[PDB]
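Working notes, structure below.
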Amino acid sequence: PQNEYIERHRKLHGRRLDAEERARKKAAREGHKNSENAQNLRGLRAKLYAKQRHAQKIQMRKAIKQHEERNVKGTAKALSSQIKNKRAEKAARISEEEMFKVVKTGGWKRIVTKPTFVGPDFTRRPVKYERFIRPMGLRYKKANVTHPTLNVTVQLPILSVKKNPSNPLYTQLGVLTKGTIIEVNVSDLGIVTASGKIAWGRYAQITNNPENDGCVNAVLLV
Amino acid sequence: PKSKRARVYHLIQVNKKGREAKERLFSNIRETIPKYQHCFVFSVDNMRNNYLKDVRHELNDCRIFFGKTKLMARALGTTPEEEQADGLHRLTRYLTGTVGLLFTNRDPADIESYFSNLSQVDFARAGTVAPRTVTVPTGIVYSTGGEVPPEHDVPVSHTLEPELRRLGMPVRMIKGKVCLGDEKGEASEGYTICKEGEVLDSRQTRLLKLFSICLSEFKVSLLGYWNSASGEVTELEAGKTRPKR
Amino acid sequence: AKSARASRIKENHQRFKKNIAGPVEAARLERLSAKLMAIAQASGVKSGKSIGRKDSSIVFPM
Amino acid sequence: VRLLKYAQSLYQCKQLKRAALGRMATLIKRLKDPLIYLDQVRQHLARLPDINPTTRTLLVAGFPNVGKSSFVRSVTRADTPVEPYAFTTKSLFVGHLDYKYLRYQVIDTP
Amino acid sequence: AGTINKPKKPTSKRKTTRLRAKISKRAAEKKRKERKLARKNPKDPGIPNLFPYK
Amino acid sequence: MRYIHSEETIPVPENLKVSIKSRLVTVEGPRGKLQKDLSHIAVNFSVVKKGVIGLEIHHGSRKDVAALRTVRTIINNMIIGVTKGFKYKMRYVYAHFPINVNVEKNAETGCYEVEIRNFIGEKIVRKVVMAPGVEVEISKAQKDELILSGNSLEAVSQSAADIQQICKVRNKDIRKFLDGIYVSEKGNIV
Amino acid sequence: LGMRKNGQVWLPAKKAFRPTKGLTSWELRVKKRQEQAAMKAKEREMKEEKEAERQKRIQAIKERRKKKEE
RNA sequence: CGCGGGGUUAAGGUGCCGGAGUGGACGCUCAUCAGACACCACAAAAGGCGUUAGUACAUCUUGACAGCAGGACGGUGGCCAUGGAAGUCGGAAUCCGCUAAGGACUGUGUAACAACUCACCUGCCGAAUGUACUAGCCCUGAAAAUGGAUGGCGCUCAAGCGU
RNA sequence: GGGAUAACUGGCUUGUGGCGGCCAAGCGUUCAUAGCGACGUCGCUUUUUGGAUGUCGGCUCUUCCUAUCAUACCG
């Protein structure tokens, strides 16, 4: 077998003597097979089959109406690519937990179970907030900001946290709950303000539940 | 309720013609009645109708119509009370089956002579009577099945091999060559597709069509003709022989 | 490995039984029965030809 | 893993696992086309003739229709289409022969 | 499937009073929630064609 | 909708003897006798004209009239079997190992036995017992072809399927290995 | 005789499945044809008149609103 | 709500255990663990070629759907591209004649052809259909680990469901 | 120091992310626009050259489930 030997063998000998007939018969039996599958399967498999069949019906109806209308009748990618290419060209051209452990060595601990934002790498907090530990992984540095106009969504760095309506204590710490307005750098977006002027930092409302879904999503306020 | 055929939608441009097409046919026949003088009525009982296009191209001068017999007959006017011109009711009662109309401006005798001289070979339709015991040799099956001499005959295709096997030939495609029996020959006996006097069925007719064997004669039988001035129809030969209602 | 109760093995065993061990066991039992026979030959009511009575949880007591 | 390690509720773990598996699902969904391309290249690289460049080899070349395929069928036991049209063979074909107890590999080029 | 020869664990139809009570309370809560949403807030078909004397 | 009445008609030719005692349709013809019990369905049989049998349902459902249609077809097939009989021209193909087929009348039970050897070189001999009433012959007109002739369509078709199923390839590429015994022609004796 | 899609040739020419057969007469069916067509037409002018009146009322209301705004 | 005799009822029941109807009328449903009387989540504009009723539209002797016998052409191997691409590997346009109808074409197929087949159209037959939805009953719509539950037996023109 | 909850789940659990837009049958305050609204697609995560884990365990034995590693069977 050097090259496309099955079609060479079909050219030299042909197929089975029964292939066309039984292929037609299977194509005909397909409907009864589908009905039996719909009426007999059970346990996650009927669920997968039902979702697949519902989808397939959706595209089938879409195709039917598309052909009907055509027979009767006789920039977000660009913006994202520009921002990403600018970033690529620009590129081309101790922890609080161990600190608190050392303090303890030298229920008294409360650890915040909600995502937060710090900013500066190392900070020694005033004693009023010293014992509010925040874990390593739960912070998020950048947020997915969706711009209501121009219909573009871009990942932009988080500047700071301004107001968490759930708790002023969460606000002061930097807890990122649902609907929480933070300050976001929008230099990459390049929106032009009055006097033909550009803006760098703007309000964005975190609108998801980051504890439910780690990815942090905000809608920009313009 | 349930348990019904899955209707296969046709993802293709061409659609039903319908009521608009039928009223177009009324309009065409009714408007083409006045200009011409001799409205011939003819029959093509059991012949393939490819060569109607050629006879159209030949008698470019005339105008020919062929649809639903009922549709054309009533467009003419079956009842004499609702009739475009006298005698057209007679033409309608002539119109029964595989029947076409022929508006002409010229000599009926010349029309009759030309249509008598018209004669083409054709592949047989289903239901006819076979005149020959045509068969294929036990050796290699060729393009026409041995009608032309094998030395000047190209072999038939492995693409057509499955169709021949489906339609009944005990043929086998060995070493890329399609053969009834053995590649060298002999071994088997042979396959006679149809016999003398046998009523050809759809299977045998498809066999002759695949092997390019013609055993039918395309000819048009003029039932009659109606003159505009006289307003009467004169039947000739096929007119009286062919049953009509 | 195919199970001892596999259908294919059962069919092969039946074929072996009917085709191989059959005649051998037949001839064996033939000579055995022959030697058995060698060793073995080595009024109606008053005579007992008519079978009579010798010498109830099915029906309810009456 | 860190998010689940710091998870605090059953619904927390619910939505975290759902979100992660969604991320992998979307990643493969974007990977849809490379899988098709790599499947096709796998199929051909499987149905690719295997020659030995080092061993004794004889290549047959020229214009099409000269008779290269006929020569290779004559000299070795390899099936090469001998159909008489311009580019009959679209791929390299390989046969082998013995010559005083020695192996040679013959290659037919298109 | 081989359910015919080897039946599985049966699904009991003998409802427990605790389950019945929970369903009753939750359904009552559903009715109250529907009422609350309704209070919060934010075409005649015609004579049938097949009627003989339309 | 509970249809009040429905009927179907079956014409019989001039040379048969049909009898339905309770529901045992027994048809007698030149080649032999075919008997089938139809006790599993509710039908009323009558002779509606000189040579047409009317099978009817009264106060039945759509499933019942469907049963009427299918039993009509089965009775028609029995008529066709006793008038003309059925023939199945069977073909076998091989690539390098010629298949050997031998048909023998096992006198006890009076039945054909067909043995197949050298099917893709397996030393196993595939022996298939043949349906009662149908006859098998090795065709002499064509090569590597058998003929299965009989009266009962169900019997002859089931036997042909049994042959085509016993000659089945295992764990091999069907695209390359084309050996087997296949149905070629299905028709009437006459 | 033509050919059938399956290899079966012995199958007789079957009639269309028709349990509701011979219940109505065609000519009567045609009178019902005409009556149904006329009823549909009547529905059409009734609906058209009602919709036209409603549209005229809506236009009058809009004109009154414009006059009030002015 | 004292102790007794007799009578009649409520809730609930009248196949047996259980005292009382295998009571009557019209229909629906066959579940590879149906359902069983006063309740819902799984659940969704969810899949069902199960079954019945119904609604709105469309064709119909001017012959409706399905089927069988056929035709399925001409400019033309349409324009760009290229080993070669002719309706059918690729981008765009997608027109006209003949028409009864035939798309610069729905698939099969060729190295390209060829050829088959599709759309559509005529001949044969002859009477309802066929598209989408609403409503009932039924299947699935998710399940682990000792053997058990409409209370049990069991029930299928019910001993299930609606009045 | 006072107050409050004695405590958790029990037809709960699994395989398919979230945010925003487009589309969207239906329903809706009076009508697909007060508005709700599935499947898909688009933008972000996400792209042009290939270690996490604290107390525990360790062994054996019985039984059971399958959401099956192997044996058997086929598409």
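Bear in mind these aren't lab numbers, they're just calculated from the coordinates by the rules spelled out. Positions of Cβ are backbone-derived with ideal geometry, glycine not excepted, and every protein chain shown enters the neighbour counts.
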For this session: Run down F:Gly187, F:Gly133 and say which single residue is of a type in the set (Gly, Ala, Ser) and in a strand (DSSP E or B).
Result: F:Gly187
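Pull up the range B:173-188, narrow it to residues that are at the interface with another protein chain (Cβ under 7 Å from one of its Cβ atoms) and not polar (S, T, N, Q), then point me to the one that is surrounded by the fewest Cβ atoms within 10 Å (Cβ to Cβ). Steps first, please.
Residues of the range B:173-188 that are at the interface with another protein chain (Cβ under 7 Å from one of its Cβ atoms), as a first pass: B:173, B:175-176, B:181, B:187-188.
Okay, now just the ones that are also not polar (S, T, N, Q), so B:173, B:175-176, B:181, B:187.
On the way: B:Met173: 21, B:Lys175: 9, B:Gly176: 14, B:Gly181: 24, B:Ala187: 15.
It comes out as B:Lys175.
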Problem set entry | Filter result for A:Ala46 (more than 14 Å from chain D (Cβ to nearest Cβ), of a type in the set (A, V, I, L, M), more than 15 Å from RNA strand I (Cβ to nearest atom) and under 34 Å from the mean Cα position of the chain (by Cα)) | no
Exercise. Mind checking which residues of the range E:38-54 are away from RNA strand H (no atom under 12 Å from the Cβ) and within 14 Å of chain G (Cβ to nearest Cβ)?
Worked result: E:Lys43, E:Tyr53
For this session: Determine which single condition A:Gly106 fails, assuming it passes every other condition in (1) more than 16 Å from RNA strand I (Cβ to nearest atom); (2) under 28 Å from A:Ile158 (Cβ atoms); (3) not polar (S, T, N, Q).
Result: (2)
For this session: Give the residues of the range F:149-175 that are away from chain A (no Cβ under 14 Å) and farther than 22 Å from F:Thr73 by Cα, sorted by residue number.
Result: F:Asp162, F:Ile166, F:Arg170, F:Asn171
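Do you know which of the residues in the range A:126-175 that are away from RNA strand I (no atom under 16 Å from the Cβ), in a loop (DSSP other than H, G, I, E, B) and surrounded by fewer than 13 Cβ atoms within 10 Å (Cβ to Cβ) is nearest to the other protein chains (Cβ to nearest Cβ)?
The selected residue is A:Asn167.
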Problem set entry | Number of the condition not met by A:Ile6 [criteria: (1) exposed (fewer than 14 other Cβ atoms within 10 Å of the Cβ); (2) away from chain F (no Cβ under 14 Å); (3) of a type in the set (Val, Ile, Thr)] | (2)
For this session: Return yes when A:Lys178 is surrounded by 13 or more Cβ atoms within 10 Å (Cβ to Cβ), among the basic types (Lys, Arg) and within 14 Å of another protein chain (Cβ to nearest Cβ) and no when it is not.
Result: yes
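Residue-wise test of (1) away from RNA strand H (no atom under 11 Å from the Cβ); (2) of a type outside the set (A, V, I, L, M, F, W, C); (3) touching a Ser or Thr at 6+ places or on another chain (Cβ under 9 Å); (4) over 30 Å from B:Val44 (Cα atoms).
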{"site": "B:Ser157", "(1), (2), (3), (4)": "no, yes, yes, yes"}
{"site": "B:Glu163", "(1), (2), (3), (4)": "no, yes, no, no"}
{"site": "B:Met173", "(1), (2), (3), (4)": "yes, no, no, yes"}
{"site": "B:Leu180", "(1), (2), (3), (4)": "yes, no, yes, yes"}
{"site": "B:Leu222", "(1), (2), (3), (4)": "yes, no, yes, no"}
Exercise. In the list D:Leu38, D:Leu102, D:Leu92, D:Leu58, which residue meets the criterion of being within 16 Å of RNA strand I (Cβ to nearest atom) and among the hydrophobic types (A, V, I, L, M, F, W, C)?
Worked result: D:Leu38
For this session: Determine the pairs where a residue that is of a type in the set (A, V, I, L, M, F, W, C), located within the range A:11-34, has a partner that is loosely packed, with under 12 Cβ neighbours inside 10 Å with Cβ atoms under 8 Å apart, the partner being 6 or more residues away or on another chain.
Result: A:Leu12/B:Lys175
Exercise. Would you call A:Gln2 within 11 Å of RNA strand I (Cβ to nearest atom) and farther than 30 Å from A:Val118 by Cα?
Worked result: no
Exercise. Restricting attention to the range A:181-198, which residues are exposed (fewer than 15 other Cβ atoms within 10 Å of the Cβ) and not charged (D, E, K, R)?
Worked result: A:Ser187, A:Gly190, A:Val192, A:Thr193, A:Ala194, A:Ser195, A:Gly196, A:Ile198
For this session: Look at D:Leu38 and say whether it is surrounded by fewer than 10 Cβ atoms within 10 Å (Cβ to Cβ), away from every other protein chain (no Cβ under 11 Å) and under 30 Å from D:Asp108 (Cα atoms).
Result: no
Exercise. Among the residues of the range A:74-89, is any within 14 Å of another protein chain (Cβ to nearest Cβ) and closer than 30 Å to A:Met136 by Cα?
Worked result: no
Exercise. Does at least one position in the range A:43-58 carry a residue that is more than 9 Å from RNA strand H (Cβ to nearest atom) and of a type outside the set (D, E, K, R)?
Worked result: yes
Exercise. Taking strands (runs of 3 or more DSSP E) that do not extend beyond the range F:53-122, which have at least 2 residues that are closer than 19 Å to F:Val183 by Cβ and in contact with a helix residue (DSSP H, G or I) (Cβ under 7 Å, 6 or more places away or on another chain)?
Worked result: F:86-93
Exercise. For A:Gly190, are the conditions met, namely being outside any strand (DSSP E or B) and in contact with a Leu (Cβ under 7 Å, 6 or more places away or on another chain)?
Worked result: no
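Between E:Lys43, E:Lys8, E:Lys13, which is loosely packed, with under 10 Cβ neighbours inside 10 Å, part of a loop (DSSP other than H, G, I, E, B) and more than 8 Å from RNA strand I (Cβ to nearest atom)?
Working: E:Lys43 fails: more than 8 Å from RNA strand I (Cβ to nearest atom); E:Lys8 fails: more than 8 Å from RNA strand I (Cβ to nearest atom).
It is E:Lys13.
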Exercise. Mind checking which pairs have a first residue in the range F:176-190 that is within 7 Å of another protein chain (Cβ to nearest Cβ) and a second that is among the aliphatic types (A, V, I, L, M) and surrounded by 18 or more Cβ atoms within 10 Å (Cβ to Cβ), Cβ under 8 Å, 6 or more apart or different chains?
Worked result: F:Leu178/A:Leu17; F:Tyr182/A:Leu17; F:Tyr182/F:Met90; F:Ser184/A:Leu17; F:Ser184/F:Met90; F:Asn188/F:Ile80
Exercise. Got a number for residues in the range A:59-103 being among the basic types (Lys, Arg) and within 30 Å of A:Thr153 (Cα to Cα)?
Worked result: 7
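So that you can scan it fast, the table gives a plain yes or no per residue for (1) within 16 Å of RNA strand I (Cβ to nearest atom); (2) closer than 30 Å to F:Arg2 by Cα:
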{"position": "G:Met3", "(1), (2)": "no, no"}
{"position": "G:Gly7", "(1), (2)": "no, no"}
{"position": "G:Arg18", "(1), (2)": "no, yes"}
{"position": "G:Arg54", "(1), (2)": "yes, no"}
{"position": "G:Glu63", "(1), (2)": "no, no"}
Exercise. Could you say whether any residue in the range F:37-50 is in a loop (DSSP other than H, G, I, E, B), polar (S, T, N, Q), away from chain G (no Cβ under 14 Å) and over 26 Å from G:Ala13 (Cβ atoms)?
Worked result: yes
Exercise. Which condition breaks for E:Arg35 when tested against (1) more than 30 Å from G:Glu43 (Cβ to Cβ); (2) among the charged types (D, E, K, R); (3) loosely packed, with under 10 Cβ neighbours inside 10 Å; (4) more than 7 Å from RNA strand H (Cβ to nearest atom)?
Worked result: (3)
Problem set entry | Tabulated pairs, the range F:17-38, first over 19 Å from F:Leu153 (Cβ atoms), second surrounded by fewer than 17 Cβ atoms within 10 Å (Cβ to Cβ) and hydroxyl-bearing (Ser, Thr, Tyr), C-beta under 7 angstrom, 6+ apart or interchain | F:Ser19/F:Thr26; F:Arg23/F:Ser39
